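Asks: based on what follows, work out the 3D shape:
(5 chains, ligands or ions: 4)
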Amino acid sequence: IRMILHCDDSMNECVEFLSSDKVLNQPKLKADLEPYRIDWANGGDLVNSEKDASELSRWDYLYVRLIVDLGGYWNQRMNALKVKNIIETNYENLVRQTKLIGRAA
Amino acid sequence: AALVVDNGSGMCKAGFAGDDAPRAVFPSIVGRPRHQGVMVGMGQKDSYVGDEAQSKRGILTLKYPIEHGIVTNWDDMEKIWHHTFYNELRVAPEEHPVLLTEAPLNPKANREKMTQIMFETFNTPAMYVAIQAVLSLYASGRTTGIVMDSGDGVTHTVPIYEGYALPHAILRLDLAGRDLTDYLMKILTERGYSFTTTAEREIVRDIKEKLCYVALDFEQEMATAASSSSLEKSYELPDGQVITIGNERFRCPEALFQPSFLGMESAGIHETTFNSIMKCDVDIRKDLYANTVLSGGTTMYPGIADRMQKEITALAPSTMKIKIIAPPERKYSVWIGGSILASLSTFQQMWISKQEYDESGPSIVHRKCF
Amino acid sequence: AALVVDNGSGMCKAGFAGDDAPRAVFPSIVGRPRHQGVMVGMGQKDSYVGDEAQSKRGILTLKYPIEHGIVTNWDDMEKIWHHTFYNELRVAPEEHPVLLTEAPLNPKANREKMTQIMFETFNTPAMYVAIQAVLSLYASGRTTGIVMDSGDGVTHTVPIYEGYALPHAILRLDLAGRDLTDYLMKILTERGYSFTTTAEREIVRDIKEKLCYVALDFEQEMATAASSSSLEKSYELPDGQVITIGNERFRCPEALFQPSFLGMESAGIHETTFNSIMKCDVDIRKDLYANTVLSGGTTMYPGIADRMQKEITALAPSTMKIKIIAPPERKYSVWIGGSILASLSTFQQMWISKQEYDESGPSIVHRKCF
Amino acid sequence: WXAXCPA
Amino acid sequence: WXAXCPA
Ligand SMILES: Nc1ncnc2c1ncn2[C@@H]1O[C@H](COP(=O)(O)OP(=O)(O)O)[C@@H](O)[C@H]1O
Ligand SMILES: Nc1ncnc2c1ncn2[C@@H]1O[C@H](COP(=O)(O)OP(=O)(O)O)[C@@H](O)[C@H]1O
Ligand SMILES: [Mg+2]
Ligand SMILES: [Mg+2]
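Replies: Residues are numbered from 1 along each chain as shown, chains lettered A, B, ... in the order given. Ligands and ions are numbered 1, 2, ... in the order given. Structure data below:
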């Protein structure tokens, strides 16, 4: 969770998986993981009394701490990185394409 | 731990789940001595399997039990598996489950006999069969893309949008590394070199693995080779003679993109990738274009990734972007993907138990595995 | 005598007005040799059209000029028409008006191109162009109804009324004979038969026309086929080999009613026919239900009349009555209907005369014959 | 194979 | 031949 939130180079390939609709569209899974979430928006405290996270498996712990916990701004954050990646690559060829069409005319 | 055996047309890789590399990699050949034994001091076994046959390949008739990904001779296949578990892996199959790999669009009898042999000869507690191309995508850490696998018998393009492959868009061609080897020795006679016997076939494969490369522009490179020098490389044969090959360096790999040289009406390896993508949904085409993955030993030529990108770009619309991913260890991508799948905790419920096979016979392999 | 030339994706039928059967029925292919010729003095042609291509299909690359109902090659289309008149029919179009057949929802570019090509290269005195689906009901003798036009191109459901095609109610469907032929070889590989080349595609088409059939119940037939060997039939390849198909007989034609087998989201021909009827007006819905007529070679499978009637009955309301009309001449229904229209005395009024074409130009085809 | 190819 | 056979 620290490497993913650090926007490190090595996490670029696997962060696209978390932006897919399959991971986000889990209405049943999100409801079950709701009591284990942390209200990081205000206070940063457990919503329920104990709801120990050690009982959760390795993948359940990662999902609730990333998707459920940060669901307020996760989609906006993901949209910020998707646009940046596209501009870093598709902008260079787009300029060439416009120049070629204008030159041909 | 679960053994992961990836039987291949040319070579078979066996190891353990969770490892980063196969434990044993030996050729999948079974040879028998055509000459008559004259001495009695040594054992002089009836048949030799694996690298043992390669060392003594001069006096043996090497036969491949697998052709085009289909096990033609089941008597020799039992010899190879008996050699894998008891001589290379030196483990008892009766305690560890075994994971196998089968090429897509294969005869139903091919994977039906595999289940029967595993559960009756080696008495493995569990078994599973997985598509070779699907596992190649897992080794790259992806779950959405198109895998261009190419080995000795099969060159299949399997577009995998999700964890499960798309069955209706799978394209399989019977043009692979073994076909190019037969073409290399056909055009090598033009220079005066004659390789005919199966023992001499293994010499040609060494030449192909070391000197052949894919030219970016075939027409331009042919003219360059017409000026002589700067392109001829010298290879040393086990006899001792030195042979030189000129335009044959790039002509043999060019048969992949132009199968008309071999007299096959099938399209090239670049068009068959574009055709496979065109059979998918419009929304999914964007992801498959940018996540093309190569695998297999045939795609290990120097410059095949660069040449493939140019060919697809011309065919594909200019709006889409093409990104060919060529991992450095793509030779063992099929096995590495299988190691990840076997080590998963969720995969423990996908095993075929011994009791399950007994109640339904060999036919259970079609319904459970994919 | 006005010629009635019905161009098609699979076969083109040509003859004369008033006849009850086409004079020449040959495959609509244009093959070219892929191998260089060694025997001199034979006078071998450059391109083979029709029955000549089929006879020598082993050394040719058969290309269909019409794919999915749109002519992708307007140079080969002229070759077929040239072969139809001078060779097969042996009649010069100089003194015989020619009737052509379009396809439902045809692009305007093809409409003008057909008129321009024939009025200049062949300079026929007169022309009239009609819809293939419209002519299908004319052969059956009824002017009002819904035609389930199917063939080697694209399946069309055209609910014509008073002899006029409804433009909004036409529903397209890409499920045709070529898709089933491609799907048949994909599922035939499960038994170990590998047909891949275009020459061997013709072989699979022969198998489909002789052995394939539509089962009344898919689930019941599947269990029976697996349990007993009664359903298996033997077919002989041109090379003498004998093949056996057990359950592929009712699995390839079944793709028409369940397109999900090929991976298409669109519904089957049973639901497309019902959907097309619903698009029409409520008052004329009664007449269309009892006057549905199948046409084309795809709907020639045994038992397709019963399977279609049963499945459309459940979808339709219980008040509605179903009467699937399946004439035995439905293979040549398009051509026979054209001959009936040509022989009419009042048909002279809507000729496109050569004199009128010059003054108006190619655009006259849109407004004169519609 | 059975019909077609060699396999 | 050169490499292979005698011719
Ligand atoms: N470095 C290389 N360069 C070119 N071709 C290679 C190279 N290494 C392997 N090959 C080809 O790959 C084939 C085997 O690849 P691989 O997929 O690892 O085995 P299999 O095809 O049996 O699964 C060999 O027949 C060989 O011709
Ligand atoms: N008896 C038959 N049974 C099943 N399919 C047939 C039969 N006869 C022809 N076909 C299929 O129908 C196709 C012929 O289509 P056709 O009706 O000639 O097209 P068009 O409507 O363009 O003339 C062939 O490709 C063949 O696969
Ligand atoms: Mg392989
Ligand atoms: Mg038709």
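
Asks: against residue B:145, how distant is the residue in chain A positioned nearest to chain E?
Replies: Residue nearest to chain E within chain A: residue A:13 (47.6 Å; Cβ to the nearest Cβ). For every residue, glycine as well, the C-beta is placed using N, CA and C. Using Cβ to Cβ, to the nearest Å, residue A:13 is found at 12 Å from residue B:145.

Asks: more neighbours, those two?
Replies: residue B:145 (22 against 12; other Cβ atoms under 10 Å in any protein chain shown).

Asks: phi, psi for the more buried one please.
Replies: With angles defined as degrees, to the nearest 10, residue B:145 sits at phi 170, psi -170.

Asks: now do the one 3 residues further on
Replies: Dihedral angles phi and psi of residue B:148 (degrees, to the nearest 10) take the values phi -100, psi 90.

Asks: mind listing the strands for chain A?
Replies: A:38-39, A:45-46 (DSSP state E).

Asks: pairing partners for the last one, with directions?
Replies: The sheet places strand A:45-46 alongside strand A:38-39 (antiparallel), with pairing taken from DSSP bridges.

Asks: what's around the residue of chain B found nearest chain E, how many residues?
Replies: Closest residue of chain B to chain E, Cβ to the nearest Cβ: residue B:194 (3.5 Å). Neighbour count for residue B:194, taken as other Cβ under 10 Å: 15.

Asks: and residue B:156, that's in a strand?
Replies: Yes: applying DSSP: H, G, I helix; E, B strand; the rest coil, one finds residue B:156 inside a strand.

Asks: enumerate every residue touching it.
Replies: By Cβ atoms under 8 Å, 6 or more residues apart in numbering or on different chains, the contact list for residue B:156 reads B:103-105, B:132-133, B:149, B:170-173.

Asks: could you rerun that using 6 Å?
Replies: B:104, B:133, B:149, B:172 (Cβ atoms under 6 Å, 6 or more residues apart in numbering or on different chains).

Asks: the second one: which element?
Replies: Spelled out, that is residue B:133. helix B:132-138 (DSSP states H and E).

Asks: and what of the last one?
Replies: Per DSSP H and E: residue B:172 is located in strand B:171-173.

Asks: can you check the first one too?
Replies: Assessed by DSSP H and E, residue B:104 sits outside every helix and strand.

Asks: which residues touch it?
Replies: Neighbours of residue B:104 in contact, by Cβ under 6 Å, 6+ apart: B:131, B:156, B:170.

Asks: how about a cut-off of 10 Å?
Replies: B:69, B:131-134, B:149, B:154, B:156-158, B:165, B:167, B:170-172, B:370, C:189 (Cβ atoms under 10 Å, 6 or more residues apart in numbering or on different chains).

Asks: and the gap between it and ligand 1?
Replies: 14 Å (Cβ to the nearest ligand atom, to the nearest Å).

Asks: how about the third one?
Replies: Applying Cβ to the nearest ligand atom, the value for residue B:149 to ligand 1 is 8 Å.

Asks: show the contacting residues for that residue.
Replies: B:103-104, B:131-137, B:155-158, B:172, B:176, B:293-296, B:298-299, B:330, B:333-334.

Asks: ok, now with 8 Å
Replies: By Cβ under 8 Å, 6+ apart, the contact list for residue B:149 reads B:132-133, B:136, B:155-158, B:295-296, B:334.

Asks: pretty sure residue B:360 belongs to a helix, no?
Replies: Yes: judged by three-state DSSP, residue B:360 forms part of a helix.
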